[PDB]
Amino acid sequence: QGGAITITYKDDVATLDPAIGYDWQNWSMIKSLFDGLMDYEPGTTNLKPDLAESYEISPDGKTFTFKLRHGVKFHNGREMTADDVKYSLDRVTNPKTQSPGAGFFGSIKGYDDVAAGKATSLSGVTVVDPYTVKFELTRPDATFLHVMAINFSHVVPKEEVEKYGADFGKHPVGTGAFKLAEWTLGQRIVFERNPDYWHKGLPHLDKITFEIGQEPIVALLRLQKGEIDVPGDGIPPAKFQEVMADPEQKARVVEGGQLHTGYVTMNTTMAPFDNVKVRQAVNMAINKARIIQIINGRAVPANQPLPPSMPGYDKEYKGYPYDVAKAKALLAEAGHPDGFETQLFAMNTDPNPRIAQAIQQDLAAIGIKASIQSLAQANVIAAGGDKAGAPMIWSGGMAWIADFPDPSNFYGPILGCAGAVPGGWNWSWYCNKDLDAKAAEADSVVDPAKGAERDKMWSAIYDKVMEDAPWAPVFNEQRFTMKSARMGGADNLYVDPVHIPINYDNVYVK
């Protein structure tokens, strides 16, 4: 009940639009300003109705009917109704919105017509009455309920989108537990409790202040002084062991496993990375153990796209060897015995400039001279979302943590054709239509007793991805969160698997 906390970040926020935001800094911010039909029990991945009060599924699993809560108000005071759910889904799937999450809705009837520009409304989403919205699917979809909890299906008010247009992401209006109060660009973002939030008793805090442009190391000092509550950029490597060995700081640390993989993307449409042998050479060039030492051993080396604890992870897959001689030999086969020059993009928050320097040295060992383009995250992400931009990107600090705990989440948006779109997060621009179809087939296996078979279908998909080498996977990272002594709540609210980073709506001050 009450309290005003402070959270630091070095990088800035470019958007709070739920159709657009997708990075580690704004994902949970957006979840606190907006709501969708579904959410999760705080601290877990257990689905629960949110803006829906209840729902029904047809026996064939292709018709979802949601009964909406009554009396839900947007921050502007207007009642939310089923028309707003329809509008939001029509908007996020419309290609002109440039949502990196449009593909999550591919199983809805009429999606293809919308994606192809033949329709501006999803035929499969119908407003039955002001408080009933129905979804009809073309195929069973094992991740549909999770997608009705993902930011991209959060509900926006069309009159506010019309008012601000492309600038709606700077003026978010939602139904969520907090509303935007102050946004001083490059300096501070203030969330205030929404006093009329439909979920009574939430949030607990009165105010969250995000202080921008703050050095990660200084933030630890401020936390020791009680002048901030959460260092948003976590524990810098230079300070990790000292934090761990100081009981008065170790007591502020919460550690959690993640469904995470960090990787180097290669743009499969930009020469020279349009040659599979060049991409496989890069896979054999990276010294993952050395990179992991930079982050204090807080990770294990990744040999494939899925995190080791994700269902579908190929436990047997051997992977590309770390083998400079083989990498050079492959580069020569590809017509580059003398190597080549290229660009490696990275976000500029520690430790990612240093990790990029390590990758750069690894590439130099096989004859690739890569200049590091160390930029703000928004500009790395935008360059990735440009088919003609970013030959290589180190994903550290930006991607990928599963939005929901299923192997499908590591495909569509980052390795599927659905993500190889303007503004997308498939920075490899890797589009394999045959795998897209196999992915839809795998997500149609909905019988929970067939989960093992479905996990192996996904393993087969990622086996093929790995053969085409659009990624060089590097590591699977542990999460370390720091919180001030006054911050109450269970550990799993500070390493929340869904409201990534912190569950802003359910933490509290003691």
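The first residue of the sequence shown is number 1, and the count goes up from there.
Engineer: Read off the CA B-factors in the entry, average them over 184-192 and over 144-152, and name the higher stretch.
Structural biologist: Going by the record's values, the stretch with the higher mean is 184-192.
Engineer: Tell me which of 171-179 and 316-324 has the higher mean C-alpha B-factor in the deposited entry.
Structural biologist: Mean C-alpha B-factor is greater for 316-324.
Engineer: Among the candidates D83, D436, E341, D406, give the one with the maximum CA B-factor reported in the record.
Structural biologist: Result of the comparison over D83, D436, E341, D406: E341.
Engineer: Based on the PDB record, which member of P95, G389, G416, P308 exhibits the highest Cα temperature factor?
Structural biologist: Most elevated C-alpha B-factor of the set, per the entry: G389.
Engineer: Can you tell me whether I500 has a C-alpha B-factor in the lowest, middle or highest third compared with the other modelled residues of the same chain?
Structural biologist: Highest third of the chain for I500's C-alpha B-factor.
Engineer: What third of the chain, by the recorded C-alpha B-factor, contains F135?
Structural biologist: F135: CA B-factor falls in the lowest third of its chain.
Engineer: Select lowest, middle or highest to describe the third in which the CA B-factor of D463 falls within its chain in this entry.
Structural biologist: According to the entry, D463 has a C-alpha B-factor in the chain's middle third.
Engineer: Within this chain's modelled residues, let me know which third the CA B factor of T6 belongs to: lowest, middle or highest.
Structural biologist: Within its chain, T6 is a middle-third residue by C-alpha B-factor, going by the deposited values.
Engineer: Would you check the entry's CA temperature factor for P353 and let me know if it's in the chain's lowest, middle or highest third?
Structural biologist: Its C-alpha B-factor belongs to the highest third of this chain's values.
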